């Protein structure tokens, strides 16, 4: 599909038995999801945005379904105000910017 930018580019994502709304975010290197207790190994990390850094948990090789397209990769979990789909996954679903 083509998504215009008049409104926030929010789309449905699925990660396990959790369906969530997430921002397709070309300004995000990484994918950052709201707090969720995912299984398996993780590593602590700090990521920085406009107003400073937050502490997140880095989970690797997590399958995530974005608008019905399959992806699998690193997901950062922590106290973000919005679920953010970053470039690590946007490239996997074939996402480009066009103008």
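Residue numbers count along the first chain shown, from 1. Whichever C-alpha set is largest while still superposing within 1.5 Å between the two forms counts as the rigid core.
Where the structures in 9 other deposited structures of this protein are fitted on the rigid core, 12 to 20 is the one of 84 to 92 and 12 to 20 whose C-alphas sit farther from the shown form on average. Taking the mean C-alpha B-factor of each stretch as recorded, 25 to 33 and 66 to 74 are not equal, and the higher mean is that of 66 to 74.
The deposited model assigns a higher average Cα B-factor to 12 to 20 than to the other stretch when 83 to 91 and 12 to 20 are compared. When the modelled residues of the chain are ordered by their C-alpha B factor, residue 39 lands in the highest third.
Among all modelled residues in its chain, residue 2 ranks in the highest third by Cα B-factor.
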